[PDB]
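Numbering (the authors' numbering), first residue to last: 0 to 85, 96 to 263. First comes the structure, then the notes that go with it.
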């Protein structure tokens, strides 16, 4: 159970505070509060200090579990999608919320993509005025890491493409089909992760809690996201076709 508080320093920089709920005193100029493995103490903390509760049934509004974005007059909540090792990956969800101009992240595991987000925010030359500015940069970094994974798939697919089409430097046919199947799965997961971020960013653009400058950045990220979805679809077709070509080769050789 760890609680990290990111503040805007007197330097006009960002500083991270590993905060002890039990004994220590709240800092001022809070930008972002990160809860890792929250216990009831940490959940009580954000509710008591920031009026952040997460009921799935309530009187004031219909809470839809078939959505991943919720906004009321005071707060925004996003159940954000990440990929972690299960190369085999699985879905990992991090809860994002905004309250009193502060960004909240509630997470249940530590993972490499989130560590990159932390490092990026802490090192960025950008001047962060509040938590909404943080979430803006976080979407940018998340799309980059998806791009990196698509690029890694591309390297493997090019190797397989050459090997299969030119019948050059082939290994165990079953192994090559297993690898292709692994790459297909990865490609599918990233695209679906990209679609999640598209829906989240599009909803955020519709919020009057988000200033124009952030919406401008989200629009730029949305353009890049669309490029990556296009790239992922092309890549998927290539893998499916290589599978078929390999399957044909296997069959002819029997």
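Quick reminder that beta carbons are idealized off the backbone N, C-alpha and C, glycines included.
Taking a contact as a CB-CB distance under 8 Å, the pair residue 163 and residue 27 does not count as one, their CB atoms being some 47 Å apart. In this structure, the beta-carbon distance from residue 145 to residue 231 does not fall below 8 Å.
Taking a cut-off of 8 Å for Cβ pairs, the stretch 201-214 and the stretch 160-177 do not touch, as fewer than three such pairs fall below it. Nearest neighbour of residue 17 by Cα position, chosen from 9, 29, 10 and 11, turns out to be 29.
In the displayed model, residue 23 falls within coil according to three-state DSSP, outside both helix and strand. Contact between the stretch 246-261 and the stretch 177-192 is present, with at least three C-beta pairs closer than 8 Å. Note that the C-beta distance between residue 103 and residue 114 is below 8 Å. The beta carbons of residue 150 and residue 129 sit closer together than 8 Å. Inclusion of residue 49 and residue 111 in the CB contact set at 8 Å is warranted, their separation being smaller than that value.
A direct Cα-Cα distance of roughly 14 Å separates residue 217 from residue 69.
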